[PDB]
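Asker: Here's my sequence, what's the structure:
(chains A, B, C, D, E, F, G and H)
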Amino acid sequence: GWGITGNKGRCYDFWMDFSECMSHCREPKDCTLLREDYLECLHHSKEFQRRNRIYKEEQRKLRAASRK
Amino acid sequence: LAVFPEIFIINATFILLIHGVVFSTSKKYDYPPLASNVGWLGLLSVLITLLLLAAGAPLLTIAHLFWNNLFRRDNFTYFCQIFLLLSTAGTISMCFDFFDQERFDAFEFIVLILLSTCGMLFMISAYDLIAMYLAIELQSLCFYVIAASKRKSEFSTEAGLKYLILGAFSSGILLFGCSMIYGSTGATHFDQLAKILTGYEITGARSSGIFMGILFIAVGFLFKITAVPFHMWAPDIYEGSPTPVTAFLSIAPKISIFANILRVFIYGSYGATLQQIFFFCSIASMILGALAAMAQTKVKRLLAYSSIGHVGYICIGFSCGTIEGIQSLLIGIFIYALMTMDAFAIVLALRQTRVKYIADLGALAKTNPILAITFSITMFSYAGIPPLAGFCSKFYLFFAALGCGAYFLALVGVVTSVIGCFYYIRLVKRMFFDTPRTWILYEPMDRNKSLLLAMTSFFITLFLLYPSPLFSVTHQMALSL
Amino acid sequence: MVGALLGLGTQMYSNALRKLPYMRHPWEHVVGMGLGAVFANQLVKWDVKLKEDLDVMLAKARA
Amino acid sequence: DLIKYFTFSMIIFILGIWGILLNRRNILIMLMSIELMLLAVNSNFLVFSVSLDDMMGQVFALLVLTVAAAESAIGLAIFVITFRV
Amino acid sequence: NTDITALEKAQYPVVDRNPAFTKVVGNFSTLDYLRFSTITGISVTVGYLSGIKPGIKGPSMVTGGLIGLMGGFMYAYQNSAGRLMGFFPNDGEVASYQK
Amino acid sequence: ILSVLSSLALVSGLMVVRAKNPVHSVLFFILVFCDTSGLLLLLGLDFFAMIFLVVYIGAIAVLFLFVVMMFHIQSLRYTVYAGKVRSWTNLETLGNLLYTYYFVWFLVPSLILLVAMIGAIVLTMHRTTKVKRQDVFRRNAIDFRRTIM
Amino acid sequence: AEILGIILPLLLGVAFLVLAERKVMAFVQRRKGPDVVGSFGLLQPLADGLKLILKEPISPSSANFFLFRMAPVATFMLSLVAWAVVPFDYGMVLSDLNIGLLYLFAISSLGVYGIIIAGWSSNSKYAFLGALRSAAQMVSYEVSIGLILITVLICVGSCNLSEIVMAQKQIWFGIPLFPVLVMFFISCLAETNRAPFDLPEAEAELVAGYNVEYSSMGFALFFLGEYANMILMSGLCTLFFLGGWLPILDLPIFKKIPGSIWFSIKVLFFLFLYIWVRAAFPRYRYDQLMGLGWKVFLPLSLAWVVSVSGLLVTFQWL
Amino acid sequence: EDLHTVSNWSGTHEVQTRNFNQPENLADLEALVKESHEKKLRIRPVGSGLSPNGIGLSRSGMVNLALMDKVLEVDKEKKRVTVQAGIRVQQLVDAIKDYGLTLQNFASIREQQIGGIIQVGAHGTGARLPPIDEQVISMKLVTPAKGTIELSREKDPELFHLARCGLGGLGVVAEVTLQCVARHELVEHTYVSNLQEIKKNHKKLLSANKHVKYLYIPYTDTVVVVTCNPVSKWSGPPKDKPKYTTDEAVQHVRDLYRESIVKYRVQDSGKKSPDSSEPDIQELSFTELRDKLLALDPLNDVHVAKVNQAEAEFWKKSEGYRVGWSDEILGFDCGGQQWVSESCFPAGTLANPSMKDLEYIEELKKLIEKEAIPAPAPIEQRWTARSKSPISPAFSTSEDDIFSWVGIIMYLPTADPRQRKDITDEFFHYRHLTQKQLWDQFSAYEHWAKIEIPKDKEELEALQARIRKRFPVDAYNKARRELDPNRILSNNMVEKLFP
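Answerer: Numbers count the residues shown, from 1 in each chain, chains lettered A, B, ... in the order given. See below for the structure:
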């Protein structure tokens, strides 16, 4: 898991957790908590979906104030 | 260590390549026709590779560095890799005669075949998307050159251009899929990919990025094996090129792709999408082939369509998830390969005849009567007539399919076998009963081509008496994945 | 063995395409094929031993 | 912003496959679109390697560079041979 | 880093895990030297015999011998290594119990 | 504003697939590569920008230009000051991998470049050397020499 | 910006290099070169210029103005933009690129376009094939310059040109790799055309070998381009191999050690070597020339990458 | 029993949980044992390491027990569970409960394998309750080279006792058969009482239930005490046609080892009374308090003493008692491992007149109070019966006796880790709670799971000779050499104990 500037990459740490937890893991479903955390580091989708709602609720108040 | 069997063929190719160029560019040797001297030496290079790979089969997995970051060699790969070299050598054995008749000074053409085998050996053991794509690229690139070998005749070169574009697109489509698969996985290794994709189930668990890649990777593979969804100009490639080059692409790339297909999809991907697409392709390929066998007239094209129909029967084994079905696919690949080599060799037996129709191929009852019976055996093997080895493989494919529950897919295969059998009895009728078409008299071939027929035709008939060894070998490979 | 009988048949009807008549000095190579049958049967005992292991290895890996 | 640098590459790839489908008549545009889609997957690997902060993307992008270049070499050489003398 | 640790390893008693070259080649049994010798022959004989047609009998024999040397030597090395390491029959443990 | 100027690459890619004049096709090809290298610069992948330049618009679209000219068709960041003490230039952090860890995926592109050399030779030698410049070839004893015309 | 302070002095450098070549190559032939126009011909470049500017066109032909009226602009812009990364003294490079060298390689790979386009827009089969031959030569001695730079790069840490000239504080790479300097010079001679290697530049075949519509501006811009490309490719034999701006380091009392003056002295040596070696040697015929870039300067360049990599790997000198 | 799924359609996806290292086939494991017996390499079964004594050595070859854990056989007619030693005690008790039978005594921690617990002085709370070591009817020991020989308590009582007391050094138990008692219901009690009051009430608790467990926390007069009472069959309402509703008072479903993960839901539902014993937590506020108790040692933590009283009051606010099946209700040690080392006084029948049960409890509790260095984690005190010959048929005859087990627990992970480990080991060795300075005359039996005479570096003589002087393990030492000549099944702490 090397990176653009190396430094161990960024999500190798999450992959390390997903892989350590994928040793004799009962099922991927059981360890999916680390895989989703690993995917979240890779694409930042979880932050984005929250950012969209934080933007939307703030936008919804601003849009409601603007429409009056 | 652990790459020595692949290293030898690459070294053997380099040593033959240097030998051919230095010798061919020799005033002292009068610029001699190296091909056929590169041959025999090329056939033993494959045979030495076959021994080295077999000898080190326990030693193949020498170190983690090779398996984890480059290529992983396993018991399934070893059994198929042995078959891949034997298939390649068998094709070279019939091809030697073609080299003799042709003014073949193309020493490089043999080096391309050995380089293709090295790419194919790396393809079977490739355990990373990068490795699989790079290995596929080398095996196809060597194949693209062999298609365009007869430069003076545009028919081979134009056929090469369609093969080249189809090859470039198939490699390119597979590459785009790797990019999308890489984006979600964060790693290119099949082993790391399997951990992320284990039980992904695009319906059960959301996986938009992985599926986007999987769609492209699967589509690219189909173009390579001439699957009917992407058959495109691939049947055209078979008839346009001369019979011997056509034979080489007919079996060895296809076997390498099918073995690569089982490893890349069954182990790495677990969604309910991969099995169904093969199930649709299998029905279509057999339907296209059965319609084509009646529709197509040229003997060379008919063989390609019969091979495409057989490819659909092979696809059913992957389509049914059962390991017994994957084993049945392997029984089919071996029988199809032996028959495909045998079929090309019988056409190669009538080397004297220039491009000619089936009716011209008829009248072999009076002259070469034993060859006429041999031609009947080859058509029967794809037909599915019960005594021949092909039916026993098809019955295992069908018995597995019924156990897998693929009644609709199994029925069309029986129906397509029925559609094929009628044309085959008509072709058998054409050989002896009717349509002699001028009592044409044929010519002899090399002993190797006769032995390719002898060792195969006897075995095809002998399969009934002792069919246990092949069934045992096939299941072991499927279980290993 | 049965394989030697097989390598006599395969050597004959071969070159029949060449219409070469009957058999010649290289044709009597059924000792070599006899060896192939012995190895094929031997491979199957090893393959069957491994085939049982493949089922058991799958079960050991399954746990 | 990764979507902007990917969906743009995705539709460059779509342009490549589109030109493949349309231009089955002319082959030089076929090869143009081949190298186009082998860029839109190459630039895709580079973008996805900067995003994921992973170096496998750039290793694979370099190898695709020096493989698509050999592919273009053999492609154009086959195209020149196709226009025989 | 690298490590010779193997999958399906040590099925027979190991003699020297990760044998150094110049030792695994100094372990050539009179069968290995007989495998490295028959491969080089079948590769010189084919190499000379293939070259009867183009007039290159000598140099094609030499290049067939080069191929045979490389291949048969890597095969003898495979054998003596899977023997020194625990991979092959490995009846040459007397060489360790004696020395 | 140069960020969104990838629209230039986007439209030039639409040109190459919708152009009958091949000079415009290759020109907008070169343009697509120049804008893709601009993009790869904005991402900081400096090595890949120059490699795109070199091995695309100094070799490959050179090839394509040849095929046209001849053979006409008609705030909140938290910069972690660790890992910045030794900034690895992109070449160094590609070489730390490609030649030691993933070196077989680098010796296989070696074989692909070798196959490209062998291919460009066997294809486009064009009977201009020992491929056919060996000789016309003639044999006197078989030759009729006026016995048979 | 300050790009004027690197293009205008370079324009004057090229204009005075035409005179420096005529004058040095004349002194070689036992004759004073341009000597009446200026005090010592110093105004002769301005005379050549102001003449070419005041020469009426042979045909206006301003219609075809996007095809080959911007192709000399492209060649010249490339020859001038490869000067950014060239450092004249410590911290005098206009833009210190951490991949500077590869950027020079790319600029050459685009100069190939410059030549090919400016030759194709000349609708003269002989002149177009001449431009294609010149491009194939400029690009065949680019694999050799590439490998020579890989040698001088193995010796250095990074591609940063300021580092390649800072990596020579101990010894210039001209002293250990002298055989390489001879190969870089004999390649920079051949990459550019101005050399024993200029059959496409055989006195007549050059003028009728770049364009059909001259109008004078095209003639001057090609020669201004060839002379800037020459100042550049001589400003590379002095960064890589000679110490870019480094003295001999004896630290004299008479010499206050200016940097850019040392870079200037060395690039003058290599320009004088360009001239001297144009005077004293016959042309190579472009059929032995291409057989010298492949069969002579590629094997002897590959060997050098393996020699300077080996001898630096065994003894940990890297 | 089956595995937890295989996506590959094959074994290539592996599930094993504990013992991730991977265990070979039983024949293959025996072949590895034969290979060591012929390589002379020490081999031990994979060890969790929760026990301070190192039954499994990382240096020694480790054998995966996942297949042994997966395969379990229980016979209802014989009331015997025949299972490999690899299976954990919690899985084994659950299987016995599924068959309608219960185990009379239980191990301290569910995670440890039952076979390993039998090796480490297996015992359970109860003066009248027989120890697990006497509750095992049969055992199978690996034969040094290839194969195993089946044995039973009746067939080889002395050999079975020697192997069980050997900690697995004498032999490794391939398969162990445990007698299963008729199902009975245990009601768990969690409450906090004064140490002086609880020592005075120890006789009353022993009379009331016959099983006594005391946890001692330093700097607090009140020490948490947990007790289990076996209810009579069909107590209160008699059994009737409804299986659960009528018998709900007599037997009710209860959570067993519910807090597998330390993090717990902070939401309040149902009774919603927060406790640190039966549930990890029932309220958000008591979860923050528990985190503070973990962070600060009790001596510096005022809240922990208040929390202990509050949790006892919360239990009174919540259901007065919780009734569950004996297998269902038991005391489980926390997953986190904290080093425990101490010796256990034996309440022998001859010694009972000389020292009273109240006197034994008072002296041990006073000694724990007198300890110069306090141990932050609670100290568990429990009583087990002798290995009576009637409980499991044996040729050897054993006089009825009782034992008192005391273990001193200190926090293994701490700031500047292992500095405390050194001082506590010195405290165990020479302070008021001393294994050899004052307890050598007492001949108190150290628990096998605990480390013996710590630090082992400070004294190795006691393990080799003083333990042989304290108890007749001299026959076991000769048996250890006799049972394994190669000594492939060798543990370094067992080597000190038995040469």
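Asker: what number of residues lie near the residue in chain G positioned nearest to chain B?
Answerer: Distances between chain G and chain B by Cβ to the nearest Cβ are smallest at residue G:295, namely 14.4 Å. For the C-beta atoms, the positions are set from N, CA and C on the backbone; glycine is no exception. Residues contacting residue G:295 under the criterion other Cβ atoms under 10 Å in any protein chain shown number 11.
Asker: Walking through chain G, point out its helices one by one.
Answerer: For chain G, the helices defined by DSSP state H cover G:4-28, G:44-53, G:71-81, G:100-120, G:125-155, G:161-166, G:178-191, G:203-207, G:217-234, G:259-279, G:290-293, G:299-314.
Asker: For the second one, name the packing helices and strands.
Answerer: This means helix G:44-53. helix G:4-28, helix G:217-234 (3 or more Cβ pairs under 8 Å, 6 or more residues apart in numbering or on different chains; DSSP states H and E).
Asker: ok, back up a step: including distance to residue G:249, could the helices of chain G go into CSV?
Answerer: CSV is the format used below for the helices of chain G (distance: least, Cβ to Cβ, whole Å):
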stretch, distance to residue G:249
helix G:4-28, 27
helix G:44-53, 36
helix G:71-81, 32
helix G:100-120, 24
helix G:125-155, 18
helix G:161-166, 13
helix G:178-191, 19
helix G:203-207, 42
helix G:217-234, 23
helix G:259-279, 11
helix G:290-293, 36
helix G:299-314, 22
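Asker: before we move on, the earlier item: quick one: which of the helices and strands packed on helix G:44-53 is nearest residue B:241?
Answerer: helix G:217-234 (48.8 Å; Cβ to Cβ).
Asker: Check whether that closest one comes close enough to chain F to count as a contact.
Answerer: No: against chain F, helix G:217-234 shows no contacts by Cβ under 8 Å from any Cβ of the partner chain, the least distance being 15.4 Å.
Asker: ok, and what's touching that helix?
Answerer: The contact list for helix G:217-234, computed with Cβ atoms under 8 Å, 6 or more residues apart in numbering or on different chains, reads G:10-11, G:13-15, G:17-18, G:21, G:49, G:52, G:68, G:72-73, G:75-76, G:79-80, G:82-83, G:86, G:111, G:114, G:118, G:188, G:191-194, G:207, G:210-211, G:267, G:270-271, G:273-274.
Asker: again with stretch B:397-416
Answerer: B:279, B:282-283, B:286-287, B:289-290, B:309, B:312-314, B:316-317, B:319-322, B:324-325, B:327-329, B:331-332, B:384, B:394.
Asker: List only those of those flagged as buried.
Answerer: Buried subset of the contacts of stretch B:397-416 (neighbour count, 16 or more other Cβ atoms under 10 Å in any protein chain shown): B:279, B:282-283, B:286-287, B:289-290, B:309, B:312-314, B:316-317, B:319-320, B:322, B:324-325, B:327-329, B:331-332, B:384, B:394.
Asker: Now, these that are in helices?
Answerer: Per DSSP H, the buried ones among the contacts of stretch B:397-416 map to helices at B:279, B:282-283, B:286-287, B:289-290, B:309, B:312-314, B:316-317, B:319, B:324-325, B:327-329, B:331-332, B:394.
Asker: and residue G:299, how many residues sit next to it?
Answerer: Neighbours of residue G:299 (other Cβ under 10 Å): 12.
Asker: One more: residue H:422?
Answerer: Applying other Cβ under 10 Å, I find that residue H:422 has 13 neighbouring residues.
Asker: Using the three-state scheme, assign it.
Answerer: Following DSSP: H, G, I helix; E, B strand; the rest coil, residue H:422 is assigned to helix.
Asker: who are the neighbours in contact with it?
Answerer: With Cβ under 8 Å, 6+ apart, residue H:422 has these contacts: residue H:455.
Asker: ok, now with 10 Å
Answerer: Residues in contact with residue H:422 (Cβ atoms under 10 Å, 6 or more residues apart in numbering or on different chains) are H:454-455, H:457-458.
Asker: Out of the residues you listed, who's the most crowded?
Answerer: Most surrounded of the contacts of residue H:422: other Cβ under 10 Å gives residue H:454, at 23 neighbours.
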